[PDB]
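Encoded as structure tokens, the structure appears first; notes follow it.
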Amino acid sequence: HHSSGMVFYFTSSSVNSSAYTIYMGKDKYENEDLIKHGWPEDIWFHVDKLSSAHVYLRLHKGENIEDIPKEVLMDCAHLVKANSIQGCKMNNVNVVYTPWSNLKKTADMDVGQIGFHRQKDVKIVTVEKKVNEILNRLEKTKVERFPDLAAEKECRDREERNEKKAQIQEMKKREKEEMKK
Amino acid sequence: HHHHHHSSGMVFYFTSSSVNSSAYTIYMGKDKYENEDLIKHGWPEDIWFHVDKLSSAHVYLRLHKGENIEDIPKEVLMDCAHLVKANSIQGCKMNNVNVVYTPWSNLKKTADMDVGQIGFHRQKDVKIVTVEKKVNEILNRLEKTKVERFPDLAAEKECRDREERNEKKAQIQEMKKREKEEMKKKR
DNA sequence: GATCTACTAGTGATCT
DNA sequence: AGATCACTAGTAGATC
């Protein structure tokens with residue numbers, strides 16, 4: 001039950017010239033909170049049928065899992081590779097990714113074990129060989145942080161609530177003028 | 001597509017890259033009221049930008065934790081200055097205009113100051129840079145990263161304060177650990 | 001107030 | 001150096 005509040009955080013830019021934040025739990029325990037308090041916009045990554053840390057990638061607002069730039073999607077799976085017991089030396093390794101929302105906490109939760117509400121929403125992409133330059137490019141953007149996971153999620157939800165409120169009020173405002181017209 | 005008009009709480013956010021591949025967040029309040037909260041809830045790591053002796057919005061730049069105003073990459077600092085210029089009513093066309101920048105922490109608001117008016121605790125910590133002419137190729141790049149969001153500024157600052165306190169706790173814990181290991185060393 | 005029970009937790013030690 | 005693990009050591013309800 002080690003607090004070990006430390007979470008690794010990275011930054012990966014795209015050839016689309018969009019910057020994306022990718023985060024990893026230092027701890028197999030810490031991961032549990034990442035799971036407890038992860039966001040709708042997060043995409044979960046792990047090696048299939050092997051043990052690895054749990055790299056996550058956070059999409060920009062309103063983005064969808066398929067929209068991941070391929071260069072960016074590549075950065076996540078390489079990371080999950082080097083931070084796998086067997087991956088760091090294995091070639092042709094298989095990484096699974098799914099949205100945080102498709103993750104379901106098993107009753108035999110253990111540590112480092114998750115399920116998926118719908119296996120169809122599980123996607124797979126394969127890593128062929130160790131690629132040191134992705135890793136070293138990432139390490140320069142690595143930083144250690146001690147977040148209040150629960151707090152940050154609420155913030156996002158709040159921003160969202162206000163964003164919907166503005167959308168919905170402008171929507172109901174329009175029917176007001178149309179009823180008169 | 002961010003297809004939204006105007007509603008109180010709207011804050012623009014942009015993104016600018018570094019040659020070392022560190023990404024920086026730039027955020028701006030175009031609005032006189034909006035500006036005021038950005039001023040209340042700004043961060044220690046924020047750098048404030050404005051056109052000199054001219055009316056302009058309040059562009060802010062957020063450094064990574066523990067980064068310092070002098071180490072600001074020139075590429076990014078220029079993107080801030082080009083923004084506050086283009087979001088200046090006369091600046092958007094003026095050549096050889098002066099932008100002042102200072103950390104948010106150096107910002108001071110006296111009882112004389114009304115809404116959208118700010119001062120500087122220390123004039124020494126105020127810096128200046130002049131931009132010569134519009135360089136739309138920058139602005140086109142920055143607009144591609146524009147996003148509108150209605151944050152709970154008070155909340156987000158607190159989140160950051162919390163991480164910091166957590167980082168202090170952790171440091172203190174490892175000290176207590178090492179101090180413990182030393183007592184054992186000869187007992 | 002006195003055991004009593006059940007829970008964190010700080011300490012030692014032995015696996016990988 | 002690190003983590004699981006293993007007794008002791010201590011705190012919290014709670015309980016009669």
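FYI, residue positions are counted from 1 along the chain as it appears here.
Cβ coordinates are placed from backbone N, Cα and C, and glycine is handled just like the others.
Taken from the PDB entry, the feature expression tag applies to A:1-5. Listed by sequence, the residues of this chain that lie at least six past the ends of the expression tag (A:1-5) yet keep a Cβ under 8 A from its Cβ atoms are 26-27, 29-30, 146-147.
Among the features that Swiss-Prot reports, topological domain 'Extracellular' is placed at A:6-71, with the record citing a curator's inference.
Only residues 6 or more beyond the boundaries of the region 'DNA-binding' (A:26-30), in the same chain, are considered here, and those with a CB under 8 A from a CB of the stretch are 1-2, 4-8, 53, 111-112, 144. The region 'DNA-binding' annotation in Swiss-Prot covers A:26-30.
The C-beta environment of A:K28 (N6-acetyllysine), restricted to residues of the same chain at least 6 apart in sequence and closer than 8 Å, consists of A:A53, A:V111, A:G112. According to DSSP, A:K28 (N6-acetyllysine) sits in a coil region rather than a helix or strand. Residues annotated as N6-acetyllysine in Swiss-Prot, with a large-scale study or a structure entry given as evidence: A:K28.
Residues or ranges marked as transmembrane segment in Swiss-Prot: A:72-88. For the transmembrane segment (A:72-88), the list of distant contacts is 10, 12, 14, 20, 22, 24, 43, 45-47, 50-55, 57, 95, 97, 125, 127, 130-131, 134-135, 138: same-chain residues at least six beyond its ends, Cβ to Cβ under 8 Å.
Per DSSP, the secondary structure of the expression tag (A:1-5) breaks down as 0 helix, 0 strand, 5 coil.
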